[PDB]
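K.L.:
Here it is: the structure, laid out below.
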Ligand SMILES: *[C@@H]1O[C@H](CO)[C@@H](O[C@@H]2O[C@H](CO)[C@@H](O)[C@H](O)[C@H]2NC(C)=O)[C@H](O)[C@H]1NC(C)=O
Ligand SMILES: *[C@H]1O[C@H](CO)[C@@H](O)[C@H](O)[C@H]1NC(C)=O
Ligand SMILES: *[C@H]1O[C@H](CO)[C@@H](O)[C@H](O)[C@H]1NC(C)=O
Ligand SMILES: *[C@H]1O[C@H](CO)[C@@H](O)[C@H](O)[C@H]1NC(C)=O
């Protein structure tokens, strides 16, 4: 298709913004590292302690 | 007479659970995903020169199988080969085909 | 976290404070009020953003590598070709997992630290004019109107000005 | 560790305290006594156990891989087959070594933190009724029988009840 | 760092203190003076040196490996031979980068901790004889000549000896 994407994987292009990717181990161009995990949340804030107590 | 100042920190109605060194799942206020798990499904034709093999495989474009003659002198950054591409010229084989292709 | 302020001596957090991450709440003779601290808030935000940069958008660029999927059974080489890649993916998966763990432990202990820092900044400003309740609150032993409360919030509170008053109440007589 | 409580301002530890990891020891008019704190003890235990889970029992499962021992000299491929495995083992050995190092530094600083937290929890309960000796002990300036000592241990100590008494002794006159 | 002492409540540092990493500066009736603390200085130096050993001079020894440069185009094997090495170098480069990052964050938070520890050691020695200004300085409320200042520096300061004097000034009357 007509669009821009550095990272191409057999599954179609994928955005190379995040550090890792779980789409395909086969990649071409500027791509994130392939890892077995599907989700990896980087905390970007303090603990969340509601008025639960 | 007296006053009362109380230090505190914000919170949110909906945190996100994150893994740490000691807690497998603990609730932070916000967090981002470091793993990309989705594709658009299409291959962007830019900024890389994507040359689509269509009914041909690089090897046949190389040897000049007639249905592939359309690739004579082609260049590419990424040559894409399709799953049902076929050869329709003299039957042949390439001892160590993977290396010639590579 | 390591500092015992957030999810420790500070009971819970304020969903109400939406203009900052850290701040104050107070009650004096005339009323109550609240306001976010920008400094501590930016320290936290800044450190987390720095950390976020190192991780985010730093991709390598690789072009022609080895093959990773196979049509026919081959043996010795494809075994090796598969072992190399498989080995690579597990070491990278270890890398990702550990980074998020260490990063997250670190962000939590860090933001804990910034709460507590604010607390000690304020504790030190208040000199002998206030005593700590231990739930994150200081009991100011003298009249402190909203302007007084603000002077503290923006670090210009002069404790000599209210010393005698404070001392007196902190050490009143049964008489 | 980072907190300067264990192997710092707290001289040494109690081999005698066998019902907890952290606790108290006291001496009042009638005698001496000792008792473990459960809360801090569980925080420490809980964090270390969490950490212990992430590491322990999480093995991959691998079946047919490459060969790793050889009967005859072969050359190019066996070199590569050996290099792949050797390379893998060193990166994994780096992984293990570093994890134990970071984990251990972390467990030590953590448990240091929990001691100190207890200390600040107690310091804050005692308000103006006690002064710190600096060896982990508070000198309670008022009569505190074992029931009084316990109220502190279980956080129900009301400092208003003993304020005037305490203040008086902390600030006695040469008369 | 995590402790808020260095590049926090302690404004800036002394290029003038060249006999130690941490120390004191004072002003009494007769003058001013300065002197480095050896203990904290050695704790910092010692930890950093330990850390430095683990990293430095610990090289593996490898002899015959695989080839890594090639004269002719070959295909399948050289691809793999190149992929193995390339893969190895990136995982090792990740290893180096991360180690320096974690190590440096750690050295900074650590040395922060040692400053603050000194501060709390001194704060605790001074009992009710001094009040904290909040810029790293204690205002000693009693006459303290250089010998007095030294007793503090070498931890032999007896606060009972100067209590009544101190208390009096900390709590003077407008009369
Ligand atoms: C990307 O494409 C691959 C195939 O190219 C998909 O992986 C296969 O999908 C199913 C379900 O996940 C499995 O039974 C197959 O064995 C998988 N093959 C491999 C090699 O993993 C993959 O799931 C696709 N993913 C996305 C997000 O598009
Ligand atoms: C005093 O604190 C900050 C310092 O920059 C200032 O911007 C703030 O607005 C001041 N407070 C008020 C009410 O002006
Ligand atoms: C007060 O503290 C705890 C709170 O659960 C309680 O179980 C404990 O036994 C109390 N102390 C005594 C002597 O009852
Ligand atoms: C008291 O402190 C140390 C303890 O070893 C000692 O070496 C130092 O020189 C003493 N101070 C003086 C001036 O002697």
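Numbers in chain E track Swiss-Prot; the residues on display, in order, are 346-520.
The header says X-ray crystallography, 2.8 Å.
Including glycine, each Cβ sits where the backbone N, Cα and C put it.
Taken from Swiss-Prot, the feature disulfide bond covers E:489-E:493, and the record attributes it to sequence analysis. The N-linked glycosylation site annotation in Swiss-Prot covers E:499 and rests on sequence analysis.
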K.L.:
For the disulfide-bonded residues E:489, E:493, work out the Cβ neighbour count at 10 Å and name the residue with the minimum.
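P.N.:
Looking at the disulfide-bonded residues E:489, E:493, the Cβ with the fewest others within 10 Å is that of E:493.
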K.L.:
Are any of the recorded positions E:489, E:493, E:499 near ligand 4, with a Cβ under 6 Å from it, and if so which?
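P.N.:
Listed by sequence, the hits are E:499.
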K.L.:
C-alpha of residue E:489 (disulfide bond) to C-alpha of residue E:499 (N-linked glycosylation site): distance in Å?
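P.N.:
Checking the Cα atoms of residue E:489 (disulfide bond) and residue E:499 (N-linked glycosylation site) gives a distance of 14 Å.
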K.L.:
Measure from the CA atom of residue E:493 (disulfide bond) to the CA atom of residue E:499 (N-linked glycosylation site) and give the result in Å, rounded to a whole number.
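P.N.:
Here the two Cα atoms lie 10 Å apart.
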